[PDB]
Amino acid sequence: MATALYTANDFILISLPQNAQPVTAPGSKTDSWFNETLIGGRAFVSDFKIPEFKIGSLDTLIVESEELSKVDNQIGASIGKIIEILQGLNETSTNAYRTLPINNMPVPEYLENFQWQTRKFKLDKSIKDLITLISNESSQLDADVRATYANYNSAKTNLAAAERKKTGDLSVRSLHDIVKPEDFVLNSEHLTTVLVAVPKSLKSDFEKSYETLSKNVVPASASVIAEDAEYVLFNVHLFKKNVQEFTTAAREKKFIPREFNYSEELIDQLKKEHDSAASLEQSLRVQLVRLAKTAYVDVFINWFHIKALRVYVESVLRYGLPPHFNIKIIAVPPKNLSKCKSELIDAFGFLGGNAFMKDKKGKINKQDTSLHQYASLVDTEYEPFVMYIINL
Amino acid sequence: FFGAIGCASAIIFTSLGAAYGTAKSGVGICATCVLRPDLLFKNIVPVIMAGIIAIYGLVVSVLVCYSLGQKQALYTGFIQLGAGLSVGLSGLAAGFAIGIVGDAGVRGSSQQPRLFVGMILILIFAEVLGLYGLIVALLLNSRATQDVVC
Amino acid sequence: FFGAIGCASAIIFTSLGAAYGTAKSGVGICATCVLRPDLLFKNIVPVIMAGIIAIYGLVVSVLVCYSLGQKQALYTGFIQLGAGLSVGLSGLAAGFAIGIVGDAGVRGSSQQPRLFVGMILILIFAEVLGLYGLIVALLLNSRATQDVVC
């Protein structure tokens, strides 16, 4: 191949009747064929057989298929969102979660020990409540991941804002990193403090002009309390009446006043705000990685159960007998997907019926056209035997 | 006279041809490689199609050089002329073909790895000409030299 | 005479070839430099590639001068005219191709830093065309050097 990159184990799920025979190799059993014949003998075939549950009716069988198709999508949507997040943060491999161990066992091996797993799910529950149950668990786990990720972005916004106050640039920068009683006045009846943000060139001009700029200004009040890289920050002490006159006269000169006035409760509340933002984001990040791996293993088990159930159910509907159906899951080596899909189609497709058989073989992963991509849902083409292609 | 200009034409025309090919294809490829860096090798094979026109061209040109130096006349000059032109026109024209096909075929190479052989085949039809210019020219060179003679 | 034109073709054309290549390369490099600023060294490697063509051309030309006499022969004359042409028009063509490939390939530099060498592999293919010119022109010069014996 070269129309798609694979570097992680790929899976095709098939279910076939246990009386079947391949016509691509007549004189073979289906099980023997998978191992020996299929893609140059390099196919790894894994067990995936599950037994009978309790089926409502034939009538009920129909309702179950429809739901299974829908829940399978929905879980698939969720598991993709969890993986996209873990990948996005780059604090956990981006190069795994396609063949990253579930229950600390390699993924093709995990499927090999997958025979219908128990977490809360038993073979003596009804099929309708297993379809429902599973979906409820998957939706809860994802909604949790979405909320904590939502919270983590609101926390990033707060940490940037707070930081800017702590040292940024004077157009919103509020002071609390300078706390001196020699640069600010407090407990004062006549005096107040106005901070003036001044361009670096203009610093000399400010130093000369300020006392005479407004009337009634404390002289030798100019001190550089803070400095950024574009602006210089000065403290000026003056009369409360005269603050209006300074802000206005200063703007004409091309100085930018920063309205700040010294009070203890503001200074303390700016430092706390910065502190709580940092603490909130850091807690959220660890919680976000821990939660996403734990949620991921549970949803993986949930998803494969719907795929196992579904393929069995769809077999039961289309073929009827035999009551137990031969399900295998085949782990395909990278870039041998195209060859795999074709050999199974040729061999088994005849059982589904000649009407069912269409040629549109091939695969386009680029958005140039939307033909050449099998799914029973579309009227454009159909799978010719119960086959799902699973791409992690 | 015309014989020198033969040498010259061979080199002018086929260089330019190959340039045209390399440019046109190049831009398409350079663009494409950002989607999938895995088509590096594939993509190069269209570009190398225009590289081979010129090397044939050097073989005919070099011959004429040996047969030149001396003051000739009409007879050698026109037969050397005609040989130059031959490598010249195939180089120019095939070179031209390749860049066009090549660009649109970068989409072919990308989506189709199995109709990639089809893509080569279109390009490969242009390479037929390079041969025609060259074979006819080689024949011409040996016969051309008589030296002088109006 | 026809010597003066030899000089003319080789130094005009190949100079413009180099100019084209640098200009074009430049426009891409300057867009790209804001985006990624430490990929400067890599960017720089394409620009100089078209620059080395000129220095060949001008050496061919200093020789060609010497090979012009005042005796005047049409056929010795014509090999100098014809010689100049060959490095001129090949030089121009390498330059035209190199700036197009060069431009498109800085987009490559930006997005896929790691596979930058794939752009180079493409670019360098139009240097063959200069070698082809160089070789043929040199021989032709060498034959010519006789100060046009009539």
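Before moving on, here are some points about what is shown:
- Test: residue in the stretch B:92-111 that is more than 13 Å from the chain's Cα centre (by Cα) and not in a helix (DSSP H, G or I): no
- So B:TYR56, is it part of a helix (DSSP H, G or I), among the hydroxyl-bearing types (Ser, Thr, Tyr) and farther than 30 Å from C:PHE116 by Cβ: yes
- Residue check for C:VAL101: of a type in the set (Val, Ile, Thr) and at positive phi: no
- Taken over the stretch A:25-81, the criterion of being hydrophobic (A, V, I, L, M, F, W, C), within 20 Å of A:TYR319 (Cβ to Cβ) and part of a loop (DSSP other than H, G, I, E, B) is satisfied by A:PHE48, A:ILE50, A:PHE53, A:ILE55.
- Counting residues in the stretch C:67-90 that are among the aromatic types (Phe, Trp, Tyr) and over 13 Å from C:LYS42 (Cα atoms) gives one or more.
- Among the residues of the stretch A:1-20, those identified as over 28 Å from A:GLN115 (Cβ atoms) and buried (at least 17 other Cβ atoms within 10 Å of the Cβ) are A:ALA2, A:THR3, A:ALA4.
- Across the stretch A:186-201, the qualifying residues are those that are outside any loop (DSSP other than H, G, I, E, B) and aliphatic (A, V, I, L, M), and the one among them that is nearest to A:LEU238 (Cα to Cα) is A:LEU191.
- Taken as a whole, the stretch A:297-309 holds no residue that is farther than 30 Å from A:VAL145 by Cβ, among the acidic types (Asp, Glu) and in contact (Cβ under 8 Å) with a residue 24 or more places away in the chain.
- Hits in the stretch A:162-195 - residues which are over 22 Å from A:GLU273 (Cα atoms) and either in contact with a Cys (Cβ under 6 Å, 6 or more places away or on another chain) or surrounded by 14 or more Cβ atoms within 10 Å (Cβ to Cβ) (or both): A:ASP183, A:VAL185, A:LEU191, A:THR192, A:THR193, A:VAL194
- The residues of the stretch A:332-368 that are away from chain B (no Cβ under 12 Å) and of a type in the set (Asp, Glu), listed by number, are A:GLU343, A:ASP346, A:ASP359.
- Among residues of the stretch A:1-43, those that are aliphatic (A, V, I, L, M) and without any contact (Cβ under 8 Å) to a residue 60 or more places away in the chain, counted: 2
- Selected residue (criterion: surrounded by the most Cβ atoms within 10 Å (Cβ to Cβ)) from residues of the stretch B:11-56 that are more than 7 Å from chain C (Cβ to nearest Cβ) and under 27 Å from C:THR76 (Cα atoms): B:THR14
Every number in this text was worked out from the coordinates using simple rules, so none of it is lab data. We place every Cβ from the backbone using ideal geometry, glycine too, and count neighbours over all the protein chains shown.
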